[PDB]
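Here the structure comes first, spelled out in structure tokens, and everything after it is commentary.
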Amino acid sequence: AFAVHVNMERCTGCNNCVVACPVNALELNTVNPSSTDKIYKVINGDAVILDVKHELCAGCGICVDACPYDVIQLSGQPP
Amino acid sequence: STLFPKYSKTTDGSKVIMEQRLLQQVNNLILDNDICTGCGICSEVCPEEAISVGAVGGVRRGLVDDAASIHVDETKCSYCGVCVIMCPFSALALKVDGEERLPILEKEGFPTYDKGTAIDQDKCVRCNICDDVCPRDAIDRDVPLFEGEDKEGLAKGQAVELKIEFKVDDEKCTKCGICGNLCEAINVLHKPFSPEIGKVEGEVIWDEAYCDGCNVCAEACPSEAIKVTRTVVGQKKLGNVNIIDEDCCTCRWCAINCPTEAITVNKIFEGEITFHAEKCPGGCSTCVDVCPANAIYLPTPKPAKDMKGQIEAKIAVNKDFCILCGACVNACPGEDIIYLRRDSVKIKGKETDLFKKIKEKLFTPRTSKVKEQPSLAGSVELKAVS
Amino acid sequence: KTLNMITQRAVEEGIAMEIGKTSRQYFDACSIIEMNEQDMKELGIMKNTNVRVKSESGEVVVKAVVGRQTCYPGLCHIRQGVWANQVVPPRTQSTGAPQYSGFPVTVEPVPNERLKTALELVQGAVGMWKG
Amino acid sequence: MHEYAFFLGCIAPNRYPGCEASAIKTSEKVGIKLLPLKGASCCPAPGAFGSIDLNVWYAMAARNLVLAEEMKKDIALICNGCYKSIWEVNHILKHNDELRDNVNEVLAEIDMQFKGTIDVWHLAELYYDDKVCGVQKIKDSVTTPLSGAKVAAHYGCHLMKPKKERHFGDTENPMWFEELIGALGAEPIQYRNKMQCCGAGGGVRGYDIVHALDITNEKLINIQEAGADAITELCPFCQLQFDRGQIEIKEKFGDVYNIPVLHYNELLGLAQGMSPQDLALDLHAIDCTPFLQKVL
Amino acid sequence: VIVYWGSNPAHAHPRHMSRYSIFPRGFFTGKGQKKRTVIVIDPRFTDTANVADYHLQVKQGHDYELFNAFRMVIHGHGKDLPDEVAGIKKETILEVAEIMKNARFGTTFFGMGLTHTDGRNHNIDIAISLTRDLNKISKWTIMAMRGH
Ligand SMILES: Nc1nc2c(c(=O)[nH]1)N[C@H]1C(S)=C(S)[C@@H](COP(=O)(O)OP(=O)(O)OC[C@H]3O[C@@H](n4cnc5c(=O)[nH]c(N)nc54)[C@H](O)[C@@H]3O)O[C@H]1N2
Ligand code: SF4
Ligand code: SF4
Ligand code: SF4
Ligand code: SF4
Ligand code: SF4
Ligand code: SF4
Ligand code: SF4
Ligand code: SF4
Ligand code: SF4
Ligand code: SF4
């Protein structure tokens, strides 16, 4: 239930934070999908986090490790 | 107001130090963030409900800086030290004044875990497998380091107890340096050359501490002067191998893989963990990355002409090595891929009503969850399975 | 000093051209040297200061910065565009692909000199610089 | 992109133009748009002009306010003294009716009325606010780390004091400006009596230069003892004092510090990659070259 | 296995990685990225190299010698390599070559690193020769990073 922050100023729209998030990958890549909500979607060229109320993230670091030009900061402390 | 109950929480390097000042008495709950594994056996056990669990996967992978695996509300903590006794991999310590001091054990008010480690030194053979497989840096092979990777601990030939005899023909020692221009045992000394005799004359000195049955120098002798022999006296066992007991986590990897069955480890927890592979969303090897006992694996994809219509699993576990910690469950971002349930903790020390409560807390089944409540954002909440 | 050099891409550069080849965004994105920190110290180049990149087939005054994409000691880099092609040598080796990456160049710290805009560069190379 | 009228008083445009240039560039890089104010003048400088006549102080500050009122925009400032004049006259004339009346019948001779419809902000206040560009956005925009530099902050007096008249919180040991310097990557250091006046306020800079310089020298001694490599500031008065006054201290006394004095907007430009020539660091009395060697 | 030889998808083709090469979870690659080995070769430490798992920081212009080293390794007597080739060290060469040999289905992408340096087309054709040689024991497919 952590909080992710995306630096819009250096986001290129690469979409490798959307493809690599394992909560996004739940809908289409799971047998009998449990939850179909998504943290990121690239609207107007930058990654927007729809997870406003910080309910779905799991601090996995797959998205921080994925962005090619580090731009996603993961906060492990309560918002 | 009043100031002197000074509550502080400082991140001194890699140790998160949580403190309570007084004039002369302090209280230091120190968490070593390099050893924490993200299990919650410190949050389930906290009598005072202060320890919460944070971004386990990110912290255990190094992608998080402003947090540890666990957050302790040092205003609520009571410095009992139950967390320090009940943490399987000792990554939490209590220091009262300046020394690691556990009053509850000093008064025998709490049982401790019976990891029960031991290495029968009359059976271990100084092998290197147990140090190699042990996931946690906790097996110590006290063994002089022979020619492998270093200068000889004693010598290649003294790693075994052998019996060798070397003899020469002073009648045929031309005193060329070949005998010791090869072995490090043969040292030929040419005593100074004087026209008195007008000849070369010295001595060939052979030391046991460097020989072998190599016998190369027999025929490296231009004149046939040399002889040798060999055999072992029983057993060698140079050094000792034993287990650090405050670091071992009952994985059974070294016991399962020891060549001579000389290691006696018993798992602290008992139960069962199941993986519903069909619910893993693929590229999320967080569970693999955070498992302390490396029980989890990504099942290797088969080659072609061998798949046989069965495609592959996405994740699985080795129940032989799983220690029922819970880091996998705390880290998985999935919904219910993992099912964890512990049935019996193994202890020494008698019992307590508090310990029965803690057993009841540790033994409730749990599984992952997506979309937990926002009011507790910044921590983890699992699913209670009926 | 010989300081081998390459000319490559960047997202800010692509973004800039699609804003427009005559835009302040394009100017800012392309007028850039991305060299090594060790080379900058050894040459004597203050970070974020104009510098004279002069190869055998031209010359250009370009801002000198340090790039995240770590160039090893002895490499330069201009984001491709007007400024880089002011200095790219035209040798093709009978293939039609000019030496767009890997031509020697000398670098001279020359602050207090302005940068030339894209229009000024091209229209003055041709002889059309009305403004 | 939030839009503000950019007041731009006397010292930044006419002595330290790099400050205003970096202000516009860095504010545009973060989500802020700084629009020129049409025919703005000296905010009647609160010391040297308020000491003479409070009524003409009110009238001139109100004229500056009604320019941006006609523009229908919120003022943005980069000077603590200009903040005092503009913001405080705005606040006083939003609540005091007889003073509104007096200023309005003075301004009616130039076809111009004050109604009190806009708000006044300091640029650092905007950089700190979370609705507008926040500390995290500043960290995002920073592209040159400026690491390994000890930097001493001078808050000034007219931004934060009196706390019964402002809304910035504690005046005894604020840390907000230290967070903006920490965002840039430079480590802000703490020195003795960090909240002391620089000595240039109230017209003392002009009336008694030796007195003002002694007040400044107390600060410079503390800052050198701490070990600063530059002094950030949010006021062109204080920058002028700390910059000229180092030279006047070197000549009137025998004290040498050679500590560069930079506006926070100039440091923000340096962090975001602007060139020293584009910041006009050659227009300062005290050479910035050692600091540039350290941070570049 | 995925090789980006002389290319920089992060800045040239931004959604190449998230659409075609690395991160998508395919049919036979259901595990996604975590079973893909990504090797990036170029003198810079580009953003593609940040995302990658290996990196062969090669001297600019020596890719022909690098390819020849790889192909001698593949043809089998790779012991005749010098101590280092093109700035790359022989053990790392052997590491990447072993990964390439064991690849179930590989793919090589190339760009300006090969088409704009010394030996414009000979770099590309030694790359294609390497691919044709690898298809002896594995399946490998060169592919050009076309721009517009
Ligand atoms: N934003 C943006 N995107 C673009 C373009 C653009 O202009 N702007 N251009 C488009 C078009 S026209 C092109 S053709 C494509 C091509 O773009 P790419 O083919 O992907 O090549 P580059 O982006 O130029 O980066 C090439 C990489 O090869 C490295 N390199 C340089 N010399 C050598 C060498 O000698 N050996 C090796 N191994 N590597 C070397 C370079 O450092 C660089 O990392 O991009 C397209 N995408
Ligand atoms: S940390 Fe994991 S779950 Fe959270 S947004 Fe990133 S990839 Fe998704
Ligand atoms: S991976 Fe990074 S650059 Fe790409 S869209 Fe996500 S945040 Fe932006
Ligand atoms: S290892 Fe587990 S029980 Fe021990 S401190 Fe870390 S999270 Fe708590
Ligand atoms: S010392 Fe006791 S109260 Fe404090 S965190 Fe540990 S278990 Fe909880
Ligand atoms: S694995 Fe067994 S035999 Fe080998 S060193 Fe360890 S204890 Fe001894
Ligand atoms: S090599 Fe043979 S002949 Fe020479 S000194 Fe030794 S034993 Fe004697
Ligand atoms: S038998 Fe071998 S090891 Fe022994 S002295 Fe001769 S050469 Fe040396
Ligand atoms: S018993 Fe298991 S966990 Fe403990 S040291 Fe041996 S291998 Fe490691
Ligand atoms: S497999 Fe066992 S040891 Fe590994 S994380 Fe899961 S419960 Fe813990
Ligand atoms: S079990 Fe959890 S950590 Fe492992 S692949 Fe599935 S979602 Fe990812």
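State all residues of the stretch D:277-293 that are over 13 Å from D:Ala21 (Cβ atoms) and assigned to a helix (DSSP H, G or I); if no residue qualifies, say none.
If the condition is that a residue be over 13 Å from D:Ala21 (Cβ atoms) and assigned to a helix (DSSP H, G or I), then D:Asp282, D:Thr289, D:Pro290, D:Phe291, D:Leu292, D:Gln293 are the ones that fit.
Of all the residues that make up the stretch D:15-70, how many are within 30 Å of D:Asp278 (Cβ to Cβ), among the polar types (S, T, N, Q) and either in a helix (DSSP H, G or I) or touching a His at 6+ places or on another chain (Cβ under 8 Å) (or both)?
Here is the first cut: in the stretch D:15-70, the ones within 30 Å of D:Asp278 (Cβ to Cβ) are D:15-43, D:45, D:64, D:67-68.
With among the polar types (S, T, N, Q) added as a condition, the list becomes D:22, D:26-27, D:41, D:64.
Remaining after also requiring either in a helix (DSSP H, G or I) or touching a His at 6+ places or on another chain (Cβ under 8 Å) (or both): D:22, D:26-27, D:64.
Residues flagged as within 30 Å of D:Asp278 (Cβ to Cβ), among the polar types (S, T, N, Q) and either in a helix (DSSP H, G or I) or touching a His at 6+ places or on another chain (Cβ under 8 Å) (or both) within the stretch D:15-70 amount to 4.
Name the residues in the stretch B:215-260 that are within 22 Å of B:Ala293 (Cα to Cα), more than 16 Å from ligand 4 (Cβ to nearest atom) and in contact with a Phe, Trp or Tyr (Cβ under 8 Å, 6 or more places away or on another chain), would you?
Those that are within 22 Å of B:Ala293 (Cα to Cα), more than 16 Å from ligand 4 (Cβ to nearest atom) and in contact with a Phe, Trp or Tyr (Cβ under 8 Å, 6 or more places away or on another chain): B:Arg252, B:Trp253, B:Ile256.
Filter the stretch A:20-46 down to residues that are in contact (Cβ under 8 Å) with a residue 12 or more places away in the chain and more than 10 Å from ligand 2 (Cβ to nearest atom), then give me how many there are.
Result for the stretch A:20-46: 6.
Name the residue, out of D:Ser141, D:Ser147, that is surrounded by fewer than 16 Cβ atoms within 10 Å (Cβ to Cβ) and in contact (Cβ under 8 Å) with a residue 40 or more places away in the chain.
D:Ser147
What are the residues in the stretch E:4-34 that are within 19 Å of E:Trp140 (Cβ to Cβ) and either in a loop (DSSP other than H, G, I, E, B) or within 16 Å of ligand 4 (Cβ to nearest atom) (or both), if any?
E:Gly6, E:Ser7, E:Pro9, E:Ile22, E:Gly26, E:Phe28, E:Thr29, listed by residue number.
Within the stretch E:99-148, count every residue that is under 24 Å from E:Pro14 (Cα atoms), within 12 Å of another protein chain (Cβ to nearest Cβ) and in a loop (DSSP other than H, G, I, E, B).
Matching residues across the stretch E:99-148 total 7.
Which residue pairs have Cβ atoms closer than 6 Å, lie 6 or more positions apart in sequence or on different chains, and pair a first residue in the stretch B:307-332 that is over 16 Å from B:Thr286 (Cα atoms) with a second residue that is surrounded by 19 or more Cβ atoms within 10 Å (Cβ to Cβ) and of a type in the set (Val, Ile, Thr)?
Close Cβ pairs (under 6 Å, with a partner that is surrounded by 19 or more Cβ atoms within 10 Å (Cβ to Cβ) and of a type in the set (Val, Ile, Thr)) amount to B:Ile323/B:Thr250.
So B:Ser8 passes all but one of these: (1) hydroxyl-bearing (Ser, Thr, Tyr); (2) within 16 Å of ligand 2 (Cβ to nearest atom); (3) surrounded by fewer than 19 Cβ atoms within 10 Å (Cβ to Cβ). Which condition number does it fail?
The number of the failed condition is (2).
I'd like to know if the stretch A:5-22 contains one or more residues that are surrounded by fewer than 22 Cβ atoms within 10 Å (Cβ to Cβ), more than 7 Å from every other protein chain (Cβ to nearest Cβ) and among the β-branched types (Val, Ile, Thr).
Checked the stretch A:5-22: at least one residue is surrounded by fewer than 22 Cβ atoms within 10 Å (Cβ to Cβ), more than 7 Å from every other protein chain (Cβ to nearest Cβ) and among the β-branched types (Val, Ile, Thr).
Could you list, in sequence order, all residues of the stretch B:137-178 that are outside any loop (DSSP other than H, G, I, E, B) and touching a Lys or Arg at 6+ places or on another chain (Cβ under 8 Å)?
If the condition is that a residue be outside any loop (DSSP other than H, G, I, E, B) and touching a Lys or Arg at 6+ places or on another chain (Cβ under 8 Å), then B:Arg141, B:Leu162 are the ones that fit.
Evaluate the stretch B:273-280: report whether one residue or more is touching an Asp or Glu at 6+ places or on another chain (Cβ under 8 Å), more than 16 Å from ligand 8 (Cβ to nearest atom), over 25 Å from B:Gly54 (Cβ atoms) and in contact (Cβ under 8 Å) with a residue 12 or more places away in the chain. Before you say what the answer is, go through the steps one by one.
Step one: filter the stretch B:273-280 for residues touching an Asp or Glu at 6+ places or on another chain (Cβ under 8 Å), giving B:276, B:279.
Narrowing the set further to residues that are more than 16 Å from ligand 8 (Cβ to nearest atom) leaves B:276, B:279.
Narrowing the set further to residues that are over 25 Å from B:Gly54 (Cβ atoms) leaves B:276.
If we keep only those that are in contact (Cβ under 8 Å) with a residue 12 or more places away in the chain too, we end up with B:276.
Looking for residues that are touching an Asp or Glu at 6+ places or on another chain (Cβ under 8 Å), more than 16 Å from ligand 8 (Cβ to nearest atom), over 25 Å from B:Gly54 (Cβ atoms) and in contact (Cβ under 8 Å) with a residue 12 or more places away in the chain, one finds at least one in the stretch B:273-280, hence yes.
Quick test of your reading of the structure: B:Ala220 fulfils all but one of (1) surrounded by fewer than 19 Cβ atoms within 10 Å (Cβ to Cβ); (2) more than 30 Å from B:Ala93 (Cα to Cα); (3) within 16 Å of ligand 9 (Cβ to nearest atom). Name the failing condition by number.
(3)
If we scan the stretch D:223-240, do we find a residue that is farther than 17 Å from D:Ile78 by Cβ, without any contact (Cβ under 8 Å) to a residue 40 or more places away in the chain, in a helix (DSSP H, G or I) and more than 14 Å from chain C (Cβ to nearest Cβ)?
yes
What residue, among those in the stretch A:23-47 that are assigned to a strand (DSSP E or B) and buried (at least 17 other Cβ atoms within 10 Å of the Cβ), is farthest from ligand 7 (Cβ to nearest atom)?
The extreme case among them is A:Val42.
Which of the residues belonging to the stretch D:77-107 are within 30 Å of D:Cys198 (Cα to Cα) and outside any helix (DSSP H, G or I)?
The answer is D:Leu77, D:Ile78, D:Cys79.
Can you tell me which residue among B:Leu92, B:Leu23, B:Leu31 is more than 16 Å from ligand 2 (Cβ to nearest atom), over 21 Å from A:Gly76 (Cα atoms) and of a type outside the set (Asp, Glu)?
Every option except B:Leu23 fails the conditions.
Could you give every pair whose Cβ atoms fall below 6 Å, whose first residue belongs to the stretch D:259-275 and is within 13 Å of chain C (Cβ to nearest Cβ) and farther than 15 Å from D:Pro236 by Cβ, and whose second residue is of a type in the set (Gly, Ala, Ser) and surrounded by fewer than 24 Cβ atoms within 10 Å (Cβ to Cβ), counting only separations of at least 6 or pairs across chains?
Matching pairs, first to second residue: D:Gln272/D:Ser141.
Step by step: first the residues of the stretch E:37-55, then only those that are surrounded by 24 or more Cβ atoms within 10 Å (Cβ to Cβ) and touching a strand residue (DSSP E or B) at 6+ places or on another chain (Cβ under 6 Å), then the one that is farthest from the other protein chains (Cβ to nearest Cβ). Which residue is that?
Looking at residues that are surrounded by 24 or more Cβ atoms within 10 Å (Cβ to Cβ) and touching a strand residue (DSSP E or B) at 6+ places or on another chain (Cβ under 6 Å), I get E:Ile41.
Please go through the stretch B:14-33 and give me each residue that is among the polar types (S, T, N, Q) and either surrounded by fewer than 17 Cβ atoms within 10 Å (Cβ to Cβ) or more than 14 Å from every other protein chain (Cβ to nearest Cβ) (or both), ordered by number.
B:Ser14, B:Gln20, B:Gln24, B:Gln25, B:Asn27, B:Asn28
For B:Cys36, are the conditions met, namely being within 14 Å of chain A (Cβ to nearest Cβ), among the hydrophobic types (A, V, I, L, M, F, W, C) and either out of contact with any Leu (no Cβ under 8 Å at 6 or more places or on another chain) or more than 16 Å from ligand 8 (Cβ to nearest atom) (or both)?
Values: within 14 Å of chain A (Cβ to nearest Cβ): yes; among the hydrophobic types (A, V, I, L, M, F, W, C): yes; either out of contact with any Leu (no Cβ under 8 Å at 6 or more places or on another chain) or more than 16 Å from ligand 8 (Cβ to nearest atom) (or both): yes.
Spelling it out, B:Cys36 is indeed within 14 Å of chain A (Cβ to nearest Cβ), among the hydrophobic types (A, V, I, L, M, F, W, C) and either out of contact with any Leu (no Cβ under 8 Å at 6 or more places or on another chain) or more than 16 Å from ligand 8 (Cβ to nearest atom) (or both).
Looking at (1) within 16 Å of ligand 10 (Cβ to nearest atom); (2) part of a helix (DSSP H, G or I), find the lone condition where A:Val64 falls short.
All conditions are met except number (1).
Starting from residues that are in a strand (DSSP E or B) and within 12 Å of another protein chain (Cβ to nearest Cβ), keep the ones in the stretch B:364-386 and report whichever is surrounded by the fewest Cβ atoms within 10 Å (Cβ to Cβ).
My answer is B:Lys383.
Can you tell me which residue is farthest from ligand 5 (Cβ to nearest atom) among those in the stretch B:312-363 that are assigned to a strand (DSSP E or B) and under 23 Å from B:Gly57 (Cα atoms)?
The selected residue is B:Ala316.
Testing A:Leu50 on (1) more than 9 Å from chain B (Cβ to nearest Cβ); (2) more than 27 Å from B:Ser375 (Cβ to Cβ); (3) surrounded by fewer than 23 Cβ atoms within 10 Å (Cβ to Cβ); (4) hydrophobic (A, V, I, L, M, F, W, C), one condition comes back false. Which one is that?
For A:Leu50, the failing item is (2).
Taking the stretch E:37-84 only, how many residues are assigned to a loop (DSSP other than H, G, I, E, B), polar (S, T, N, Q) and without any contact (Cβ under 8 Å) to a residue 60 or more places away in the chain?
Selection size over the stretch E:37-84: 3.
As a convention, Cβ positions derive from the backbone with ideal geometry for all residues, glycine included, and neighbour counts pool all protein chains shown. Values quoted throughout were computed directly from the atomic coordinates according to the rules given, and no laboratory measurement underlies them.
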